[PDB]
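The lines below spell out each chain.
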Amino acid sequence: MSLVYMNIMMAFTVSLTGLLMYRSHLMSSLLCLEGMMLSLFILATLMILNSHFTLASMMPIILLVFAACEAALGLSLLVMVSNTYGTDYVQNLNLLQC
Amino acid sequence: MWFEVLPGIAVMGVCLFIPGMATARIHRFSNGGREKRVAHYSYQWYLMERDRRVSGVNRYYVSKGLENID
Amino acid sequence: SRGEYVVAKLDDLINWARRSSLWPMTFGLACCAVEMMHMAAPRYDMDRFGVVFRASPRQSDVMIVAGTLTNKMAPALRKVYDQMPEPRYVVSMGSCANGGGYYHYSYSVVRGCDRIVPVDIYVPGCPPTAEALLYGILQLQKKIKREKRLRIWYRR
Amino acid sequence: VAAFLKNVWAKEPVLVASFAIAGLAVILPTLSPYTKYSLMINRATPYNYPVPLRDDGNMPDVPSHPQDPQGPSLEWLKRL
Amino acid sequence: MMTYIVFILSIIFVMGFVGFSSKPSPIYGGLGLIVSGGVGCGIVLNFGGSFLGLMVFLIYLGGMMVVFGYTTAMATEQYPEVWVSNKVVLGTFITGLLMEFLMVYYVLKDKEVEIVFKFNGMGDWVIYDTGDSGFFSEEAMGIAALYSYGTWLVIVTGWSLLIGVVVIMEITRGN
Amino acid sequence: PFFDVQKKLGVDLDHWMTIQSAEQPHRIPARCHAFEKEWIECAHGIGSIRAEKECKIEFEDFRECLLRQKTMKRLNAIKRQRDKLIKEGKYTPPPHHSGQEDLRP
Amino acid sequence: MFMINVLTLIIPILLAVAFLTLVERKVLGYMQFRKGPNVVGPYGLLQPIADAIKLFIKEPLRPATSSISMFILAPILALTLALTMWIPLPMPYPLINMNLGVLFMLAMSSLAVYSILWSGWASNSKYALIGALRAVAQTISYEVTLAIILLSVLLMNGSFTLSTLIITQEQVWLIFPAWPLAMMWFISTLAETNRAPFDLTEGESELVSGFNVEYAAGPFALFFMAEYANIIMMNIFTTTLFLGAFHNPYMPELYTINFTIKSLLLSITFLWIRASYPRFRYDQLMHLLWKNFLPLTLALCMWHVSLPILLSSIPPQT
Amino acid sequence: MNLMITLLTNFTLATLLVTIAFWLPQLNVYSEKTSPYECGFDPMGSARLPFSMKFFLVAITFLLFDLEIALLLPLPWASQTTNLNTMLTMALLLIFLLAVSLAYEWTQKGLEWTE
Amino acid sequence: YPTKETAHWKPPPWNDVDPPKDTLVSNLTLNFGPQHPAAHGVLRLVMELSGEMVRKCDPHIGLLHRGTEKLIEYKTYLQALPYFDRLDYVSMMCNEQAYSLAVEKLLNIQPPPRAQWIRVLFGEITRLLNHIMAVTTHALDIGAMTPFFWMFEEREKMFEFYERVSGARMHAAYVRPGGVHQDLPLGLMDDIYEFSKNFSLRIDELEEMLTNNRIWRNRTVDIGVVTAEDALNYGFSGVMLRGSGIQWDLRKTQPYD
Amino acid sequence: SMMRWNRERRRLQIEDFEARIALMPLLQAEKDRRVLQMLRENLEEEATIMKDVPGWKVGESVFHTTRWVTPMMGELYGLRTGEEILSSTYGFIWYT
Ligand SMILES: CCCCCCCCCCCCCCCCCC(=O)OC[C@H](COP(=O)([O-])OCC[N+](C)(C)C)OC(=O)CCCCCCCCCCCCCCCCC
Ligand SMILES: CCCCCCCCCCCCCCCCCC(=O)OC[C@H](COP(=O)(O)OCCN)OC(=O)CCCCCCCCCCCCCCCCC
Ligand SMILES: CCCCCCCCCCCCCCCCCC(=O)OC[C@H](COP(=O)(O)OCCN)OC(=O)CCCCCCCCCCCCCCCCC
Ligand SMILES: CCCCCCCCCCCCCCCCCC(=O)OC[C@H](COP(=O)(O)OCCN)OC(=O)CCCCCCCCCCCCCCCCC
Ligand SMILES: CCCCCCCCCCC1=C(C)C(=O)C(OC)=C(OC)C1=O
Ligand SMILES: CCCCCCCCCCC1=C(C)C(=O)C(OC)=C(OC)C1=O
Ligand code: SF4
């Protein structure tokens, strides 16, 4: 296929491995999830505007909505971490090991 | 009195008159003494590129009328 | 020579731009700051001279030490003066900032702000009038007008 | 109902104006004679090309020229 | 090297992705994601989606401003890592950048590359339509179709946003 | 558990964004409308097992319409052979592939 | 000859910023029963030149604790985004005629916040941190109506093209059908542009200078001239939205003079509001744009969707 | 093409006003002028400590209301369709759902700030 | 099956609720220092903010501790009089009058009647000075910076009244133990009448700018409520009591001259 | 006032669209001859460039169908200058 799909999928895999490998800090990985949504947005939208299938042009908008509709959810699940502990360090959430 | 603010405002007024006036003149200098062609939609661009193809001088603004046909 | 004329006119330009755009800082200590507010008041009106306050030291040009400098605030005065970018100037307003004043023999008073910062203009009074303070500010402008920065650079 | 309405107009007149404008925007297109004309103007705007028809022999309602009297007309839009 | 403009913007896109996927600090993570979204709204704008690119730019600007407020309020340490304050961040940042420019060198020398899919090396100008869309951009008509045709999509999206607000106010309560 | 409510209750919830051949706004055609129409009308009702081997040709035409893999491979071949013949000095481009040609309309 | 058009755009709208400093100080002076500058030039007409020369010959002072890269990038991005929001503005012809110029204005408003925001973060100071997160609290308050108001006003326009908005207001001003939207947009642009009563980022009395409290002269100049370029662009944009003037295709200078004097009157209106009001507390900012402007903005959005359908007056998109 | 030239020009003479701001005046750098500003006395702690957000639920719900102007924004274009009563019903449904969300966020005191 | 790894694993709690492990929230300590347009020259608020909600105010003072009332001990009563002008340096002749009444109460003498009327006249001029300062700088510290400039011209005219009656605009050393220093110059009281004839319009336009304004009310209506018993307990006086409804004024209850 | 003027604007839009529709057959015929011209010019130079290459088949369709496929941007402007390419393939987007 075309040349730009290489680097948009490459940005997806870079954001994938950034999310899927944690650096003991949760906001930096919520950003990696939001970047995966950005890569999915740009990839699907390049395909749709390429093939001129106009009726799925509303599809990335909807996609983008659910992006923030879970990203905000992550922030709502961030503060209950960072009210419980002083930091959002993911190695503090190790109490469910026993 | 209060009208001493009226010089500076006037200078500011000229500093808001210079850009837009100029771009109108610039749109009449690069475009053959007329307005700049507005291509918001791809049909308008298709007609504009057709004008550039049929002008014979590779300028979209050079128009050709009934003098071009026989 | 031509280069002496060019650096003389550029000295005149930068001295004009510095004396005609003095930004003092919102910094008073005592009764003199009330009169310094009266120098900002619509009768004497510092703002017609280009003289207008900026609260931060980073964006101020002169520090008018208007009031009494005690011992407890002298390091705060020095750090506020240090956080002003060069060129920065000091106008000393009133007797307590000049030489200790009415609290000169006190245990707690720095006897003049010139023990702490380099002072350019000494404005005398208890308080000096807002007109006398504005006189000191215009004398500071005349002191900035006769600076020879680029001429001395050209000659060294 | 005027007592509660005056109470909420005294405490929260912003919200009363909000619910009034919103209620008008809800109910008022359903009570207007011109909502049909909106749809007729929108479906009377020619974005595409009117792709012509192969004349088989029996299409008496379809013209052969745009200036023929049969076909959809926009005189209702010119008058209104 | 001007026909490769969407490719160049996509290189800057991957550079921003390596910039925040290294996870230095969410200050600079938000910086890298703003840079990637801002060149991505010129990637996707050169295919015809001006609306659909300006919106992914604008929504993510609002998102990164909110995430800035949160990473100053919650995700904050005394010495935030810029990119070189940690050896692991600089290591994986250099690794991502050198691997990206390595495949750039491999695809502009061979004009064909193969990582899982096969990719052409010609500029993506080649695949465009040679037609005009009349008096509309087709992405505008398609996104406008979300109200006439997309009624069930409206219902599920608006209900998801309503219960998203209800869900988040149920989480951020504490009791 | 594909509980097909949309064919049971007769509602059209998401059959419209499903394919490119559906009713489009302002009758806008997709770039692979004929190819997808032929692939769907070929493989309608014969099941996926017969559709993977009996409508392979229309699906290859439609997939090569979408991603243009054979076309861009052929254009790679043509452009690379042109660059080789220019570099070897064994070819000169025609005046209509350089600019001075009095373009058609 | 487009680069000359860019220069003749962006250099006079730096000179307009320069003399807006003098107009601000003098109109602010005469409203405060005093005078503004009249000593430096003839009735102050050369005061901004002295201010502009003074700030670039003063020591720049990059701080010790400042993250220097973002510290330098913040005023650069400030003045860049301040200049580049003038290019879709029709004067009667815009520099770059965008089909979606309104969304360009809105998105480059959303990107201009990061100048203030990274300046407050990078300059590692406590007052700068307060001034940055008060910009967060201000932007999440005004952006939640800045797009719905601007949506409801363009439902009478038909598009997001700012040049079409001249054709839209050829008979009547668009303040006559949309004066609640106009008087709400005006406050939303006050709160957008960090002007009083919504200063709240360069808070002189709560903070010392807020986000630019560490920025000495030179980098401080590029926040200040950026802010004034934002207010002139924002009043030109408000004028194009609600007070669009007569356009003759053969005499463009008539429209240019007309929207120039209207945007000057709205600039004097900004100076006259800054000279008359106390400052909000920055939560009461948020309880205004969310609790008061946002319900009524949703109501007017319902009304301005349904009303072109209700009267068969849906504007054309072409 | 013109947009890239215009942005390059604006960025260029915004960064050529900074490189003649840092290199033109005379510097006297010493390690008290570049100290952090804390109104004269030395700052207690860092400004990189957590600055607790009071408006955090409004900050999250801004992310759910900012998507609405990615949804309500095609309404100047959606009015140009030929199925218009359906469009009007779905549009008023979206603004009504935003309004019901805002009403629920009011009534549980979510728009108030904490403490 | 306990191993080396699974040996520190205590069994989980019974209600699945863990103790909160109360790590300190570390309230950000702002130094609302003396170089500030709001802290009136010399005030070091060491405050602790939960972001911006104030948790503790510690006003460090003594940045203007001049040691006045030890310098008074080494100077005579007439020499100790000008120290009082510089204590409340917007309420000068009121401080002079208080010190004068203290010395005269110890001296067992009383002022002449005309000097008592001049003391009360310039005390109310002084009260106008201090309330212009108070209202206009309170509004300047809130954000209404314009009636500052409107009312300091009136304050400039009353400083001209001080400069005519005593020779100094602020620190007069005029009200002395025994009366005042010098009689009123001719033509002073007519100018005081011409000032007082017009000052009500100035109060009217200040009150027009602020009192019915909604932005001024939203900064001041639910702010700084002081109960009456905590006002008497904290030793408050003046407006600080009278804002809370405590009917107390020393010009009525314990009247002087 | 906006009711009267937007109804007039919709009628003017319909007049512009009918002018477009009345011009469209000539434009479509010129566009057909345009793309057939450029494809024949590319094919008559595909034989010269692809002459030494073994196994080549000039004009080989990449599709198994014999239906007309709309020419792609790389199929028309593939052998031409970058000025013509950038004018034809980003021209409308990059215009003003
Ligand atoms: C753009 C061109 C100019 C436009 C006009 C603007 C220029 C004049 C500006 C003056 C200076 C303003 C400076 C900033 C002031 C900030 C304070 C402020 O404004 O707060 C907003 C204030 C806030 O009021 P508040 O703060 O007192 O509210 C108290 C709220 N509670 C009770 C919860 C505590 O008002 C509003 O929010 C009103 C917004 C505009 C209302 C427009 C309504 C129009 C009428 C609709 C229809 C009514 C009838 C109902 C339907 C009938 C159907 C038949
Ligand atoms: C779109 C419109 C934008 C307009 C922008 C500018 C607005 C203001 C325009 C200028 C207003 C008047 C300026 C007056 C400057 C001072 C005049 C003067 O008297 O200078 C005297 C001074 C000292 O001379 P001295 O020898 O002391 O004189 C003794 C007399 N027996 O000698 C000197 O100062 C030396 C001479 C300096 C001359 C400088 C003049 C001003 C230059 C401003 C720059 C812009 C000019 C316009 C550019 C665009 C139009 C072409
Ligand atoms: C590290 C921090 C950052 C440091 C560096 C900062 C650099 C400057 C950052 C600010 C500028 C960001 C620009 C982002 C892209 C904006 C695109 C744009 O302006 O689009 C609006 C306009 C839409 O009009 P349209 O409907 O397309 O009309 C033409 C069709 N008839 O579009 C048009 O008119 C089309 C014109 C051509 C557009 C080309 C594609 C966009 C090019 C993007 C360049 C890179 C952007 C980098 C973003 C960085 C964000 C921080
Ligand atoms: C059906 C029409 C369309 C309706 C949906 C569309 C709405 C568009 C506007 C969007 C509004 C979004 C936000 C609304 C929030 C409402 C809930 C609310 O705020 O209730 C609390 C309020 C009293 O406030 P309180 O609790 O004291 O708050 C303290 C801090 N201020 O409580 C109140 O002030 C009382 C509110 C209820 C009474 C309002 C009566 C208005 C009547 C107008 C005429 C009839 C209009 C038709 C609708 C029926 C109304 C009964
Ligand atoms: C070429 C651009 C020149 C920009 C000049 C910037 C410096 C001028 C600042 C003047 C100023 C203004 C306008 C101003 O608004 C203000 O607020 C009252 C000041 O005091 C705090 C000022 O000092
Ligand atoms: C903007 C109008 C002019 C203000 C000038 C203030 C300069 C600094 C004076 C110090 C001061 C401040 C801030 C102050 O607010 C104040 O309160 C009335 C004082 O007197 C006790 C002061 O001495
Ligand atoms: S010199 Fe005197 S009048 Fe002035 S501030 Fe000092 S004590 Fe007050």
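In case you missed it, the structure is sitting above this.
What comes next concerns the included structure. (Residues numbered from 1 in each chain as written, not as in the entry; some residues may be left out. Chains lettered and ligands numbered in written order. Part of a larger assembly, values for the part shown. Heavy atoms only, no water.)

1. Topic: the environment of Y4 of chain E
Among the structural elements, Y4 of chain E can be located in the segment before helix 1 (5-21). The class of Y4 of chain E is buried, set by a relative accessible area of 13%. Between the alpha carbons of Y4 of chain E and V66 of chain E there is a distance of 34 Å; along the sequence they are 62 residues apart. Other than its neighbours up to four places away in sequence, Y4 of chain E contacts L3 of chain A together with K111, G121, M122 and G123 of chain E. Within the structure, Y4 of chain E has its side chain in polar contact with the side chain of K111 of chain E (distance 2.5 Å). (Helix = DSSP H or I, 4+ residues; strand = E, 2+ residues; numbered from the N terminus. Buried < 20%, exposed > 50% of the residue type's maximum accessible area, 1.4 Å probe, protein only. Contact = heavy atoms within 4.5 Å. Polar contact = N/O pair within 3.5 Å; in protein donor to acceptor, adjacent residues only side chain to side chain.)

2. A short note on the site of ligand 6
Around ligand 6, a shell composed of 15 residues is seen, among which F27 and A33 of chain C together with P37, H40 and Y89 of chain I lie nearest. More than one chain reaches ligand 6: its neighbouring residues belong to chains C and I. Here an oxygen atom of ligand 6 sits 2.6 Å away from a polar atom, N or O, in the side chain of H40 of chain I. Computed on the free molecule, ligand 6 has an accessible area of 570 Å², of which 87% lies beneath the protein chains in the complex. Elements represented by at least two residues in the shell around ligand 6 include exactly helix 2 (31-40) of chain C together with helix 5 (113-142) of chain I. The element best represented in the shell around ligand 6 is helix 2 of chain C, accounting for three residues. Grouping the constituent residues of the shell around ligand 6 by class yields nine nonpolar, six polar and no charged. (Near = heavy atom within 4 Å. Areas by Shrake-Rupley, 256 points an atom, 1.4 Å probe, with all protein chains shown as cover. Nonpolar A, V, L, I, M, F, W, Y, C, P; charged D, E, K, R; others polar.)

3. Structural notes on the interface of chain J and chain D
In this assembly, eleven residues from chain J lie in contact with 14 residues from chain D. Here chain J meets chain D over a buried area of about 1,100 Å², counting both sides, of which 68% is carbon and sulfur. Inspection of the chain J/chain D interface yields zero salt bridges. Taken together, the links from chain J to chain D amount to three residue pairs in polar contact. (Buried area = accessible area lost by both parts, 1.4 Å probe. Salt bridge = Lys/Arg side-chain N within 4 Å of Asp/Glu carboxyl O.)

4. Describing the sheet that holds strand 2 (residues 44-50) of chain I
Spatial ordering of the open sheet is given by 1-2-3 (chain I), a layout of three strands whose pairing is antiparallel. With one partner strand each, in any of the chains shown, strand 1 (28-32) and strand 3 (53-60) of chain I form the two edges of the open sheet. Strand-to-strand twist across the sheet, computed as the mean angle between neighbouring axes with direction ignored, equals 20°. Alignment of strand 1 of chain I against strand 2 of chain I, held across five bridges, turns out to be antiparallel. Paired with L30 of chain I across the two strands is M47 of chain I, which belongs to strand 2 of chain I. Set on the sheet, helix 6 (residues 126-154) of chain G makes contact with strand 1 and strand 2 of chain I; between it and strand 1 of chain I the angle comes to about 110°. (Pairing = 2+ DSSP bridges. Axes fitted to C-alpha atoms, helices over the stretch in contact; angles between N-to-C directions.)

5. Quick look at the arrangement of the chains
Highest in contacts among the 27 pairs of chains that touch are chains A and E. Between chain B and chain D there is no contact; the minimum C-alpha to C-alpha separation amounts to 12 Å.

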